[PDB]
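> Please work out how this folds:
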Amino acid sequence: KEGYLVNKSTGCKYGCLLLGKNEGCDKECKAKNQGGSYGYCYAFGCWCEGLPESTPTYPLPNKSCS
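Numbers count the residues shown, from 1 in each chain. I have put the structure below:
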């Protein structure tokens, strides 16, 4: 399961504006905690491809955000 970097506390995904493979997004989306294989900007959200079934994906099952 892939998906945006949804903040595990607020349920707010880390949204981009500049779509495609964002370098900054790559850093967070393909970060250690994330474990993803790819990190880019889908619909102004950090879409982490290669994501574990353990890594939460927007939106959170606790809280929602924009």
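
> residues contacting residue 16?
Residue 16 makes contacts with 22, 25, 41, 44-46, as judged by Cβ atoms under 8 Å, 6 or more residues apart in numbering. For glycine as for every other residue, the C-beta is placed from the backbone atoms N, C-alpha and C.

> Counting neighbours, which of those residues comes out on top?
For these, the largest number of neighbours (other Cβ atoms under 10 Å) sits with residue 46, at 28 neighbours.

> and it, how far is that from residue 34?
9 Å (Cβ to Cβ, to the nearest Å).

> any common contacting residues for those two?
5, 28.

> May I see the contacts of residue 16 arranged in TSV, with secondary structure and distance to residue 66 as well?
Output for the contacts of residue 16, formatted as TSV (DSSP: H, G, I helix; E, B strand; the rest coil; distance: Cβ to Cβ, whole Å):
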residue	secondary structure	distance to residue 66
22	coil	18
25	helix	17
41	strand	15
44	coil	10
45	strand	10
46	strand	14
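
> give me the element residue 24 is part of.
Residue 24 belongs to helix 23-29 when assigned by DSSP states H and E.

> Export that helix to CSV, keeping only CA atoms.
C-alpha atoms of helix 23-29 as CSV (Å, rounded to 0.1, in the frame of the first residue of the first chain):
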residue,chain,number,x,y,z
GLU,A,23,13.5,16.2,-3.9
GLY,A,24,12.4,17.4,-0.5
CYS,A,25,9.4,15.0,-0.6
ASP,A,26,11.8,12.2,-1.5
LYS,A,27,13.7,12.9,1.7
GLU,A,28,10.6,12.5,3.8
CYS,A,29,8.6,10.1,1.7
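
> And it, what does it pack against?
strand 38-42, strand 45-49 (3 or more Cβ pairs under 8 Å, 6 or more residues apart in numbering; DSSP states H and E).

> Okay, buried residues for it please.
Across helix 23-29, burial judged by 16 or more other Cβ atoms under 10 Å covers 25-26, 28-29.
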